[PDB]
Each structure stands twice: as structure tokens, then as C-alpha cells.
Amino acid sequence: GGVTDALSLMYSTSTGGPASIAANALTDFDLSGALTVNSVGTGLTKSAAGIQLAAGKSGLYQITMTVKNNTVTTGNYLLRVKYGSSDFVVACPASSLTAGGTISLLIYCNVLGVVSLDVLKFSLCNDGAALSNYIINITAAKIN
């Protein structure tokens, strides 16, 4: 029967992202100006903090964030997703064939009802170069 809530975004320098994502650092992304590719329900909404979870929406969430920045083919792409006190990370070695990275997660999210706390945060970068030619996709879906 599908899922009750979901949000899929496209993030780039033209769609709400920083003109240049600094090298070797992780600053959470303001997602208010991201392009909404698909939306289901009203429990997940973009904001300057990341992706907000509406009250009463505790449960299991499937999350994916990917990045391609074909001009940066060296170093490692660092990706991070946070929720409350938990944070999840991964490092993806860059190459000409894999100019970017991916992080996917199935996590349990407890919603306290404090908008500034109930938010999925996202960030990524390359540890050796700035990114100003990226296509980033962020999708989250409540599967239970």
C-alpha cells in the first residue's frame, strides 16, 4: 500500500545549496530552497534545518543521500546524517568513475514534538576539495 510519508529532494547550487561546499568540513544543509522531486503526505517537510518530522510521526525511516560532483575525482566524499543525539557516517573514495558517494539508512526516529529537535540533518563534502558542481539527492520515507 506504499508509505504514509516521504520526501525526495534535489539539491544543487541552483536549488538552495551553498555556492561552494567547503572542503574537509561538515556543515548541515539548509534544505528550504531544495527542489521537491516527490512528496507524500505531510509528515516530512524541508526546512532550513533539514527535513522536519511532524508531531506523532515516530517510527522507522528509510533515508538516502547521494552526491555527484564530476569535477572532483580525488580524496574521499564524506557523508553524514543526524537525528537527535545519533549521527551516521560513511566515507566514499573518489575516482573518475565514482565522483561522489552514497549513504543509506534505516533508522528509528523518536519524535519529541520539538521541531528544532525532530529533524533529519544532512551534510557531505570532499576531504580534499570544495564542491561547486554537485547534484545531491536526499530522500526520506517513513516505512512504519
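Numbers follow the displayed sequence, beginning with 1.
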Would 61-69 or 109-117 have the larger average of its C-alpha temperature factors, as given in the entry?
109-117
So, looking at the entry's B-factor column for Cα atoms, which has the higher mean, 27-35 or 97-105?
27-35
Going by what the PDB entry lists, where does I138 fall on CA B-factor within its chain: lowest, middle or highest third?
lowest
For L124, return the chain-relative third of its C-alpha B-factor as stated in the PDB record: lowest, middle or highest.
lowest
How does the C-alpha B factor of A49 compare with the rest of the chain: lowest, middle or highest third?
middle
